[PDB]
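Q: 3D model of this:
(2 chains)
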Amino acid sequence: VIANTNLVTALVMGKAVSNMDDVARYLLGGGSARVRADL
Amino acid sequence: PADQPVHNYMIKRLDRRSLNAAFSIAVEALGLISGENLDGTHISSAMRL
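A: Residues are numbered from 1 along each chain as shown, chains lettered A, B, ... in the order given. Here you go:
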């Protein structure tokens, strides 16, 4: 989803990057289930 | 001969005028006000604002 860093981005700028939180925190330091098949 | 002091009445009728002004709003935003077109997001909220 886009929220709280991509939100303002997509709203004022026009673009939004996927993993924005990671690049932001980096620039400034701040079970499964079983089913049958044919293997 | 002299004259008697005169009297007279009168009436003035009204007239009708009016004001008016258009206030059009569009469909793209009308869907957002009433919440019909509203989506569950964090982006549609801002467009509604």
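Q: and the closest residue to chain B within chain A, what is it in contact with?
A: Closest residue of chain A to chain B, CB to the nearest CB: residue A:3 (4.7 Å). For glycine as for every other residue, the C-beta is placed from the backbone atoms N, C-alpha and C. Residues in contact with residue A:3 (CB atoms under 8 Å, 6 or more residues apart in numbering or on different chains) are residue B:42.
Q: What is the burial count for residue A:8?
A: Residues lying near residue A:8 (other CB atoms under 10 Å in any protein chain shown) number 13.
Q: likewise residue A:24?
A: Neighbour count for residue A:24, taken as other CB under 10 Å: 12.
Q: now swap in residue A:5 and tell me
A: Close neighbours of residue A:5, defined as other CB under 10 Å, add up to 14.
Q: Ramachandran coordinates for the nearest residue to it once chain neighbours are set aside?
A: The spatial neighbour of residue A:5 that comes closest, neighbours along the chain excluded (CB to CB, 6 or more residues apart in numbering or on different chains), is residue A:20 at 4.8 Å. Per-residue torsions, residue A:20: phi -70, psi -40 (degrees, to the nearest 10).
Q: Check the gap between the residue in chain A sticking out farthest from the centre and residue B:10 for me.
A: Computed with CA atoms, centre = their mean, the residue of chain A farthest from its C-alpha average is residue A:38, at 34.6 Å. Distance of residue A:38 to residue B:10, computed by CB to CB, to the nearest Å: 108 Å.
Q: just residue A:28 next, same as before
A: As judged by CB to CB, residue A:28 and residue B:10 stand 86 Å apart.
Q: How about the residues of chain B by chain A?
A: Counting by CB under 8 Å from any CB of the partner chain, chain B comes close to chain A at B:41-43, B:46.
Q: mind redoing it with 7 Å?
A: By CB under 7 Å from any CB of the partner chain, the part of chain B that sits against chain A consists of B:42-43, B:46.
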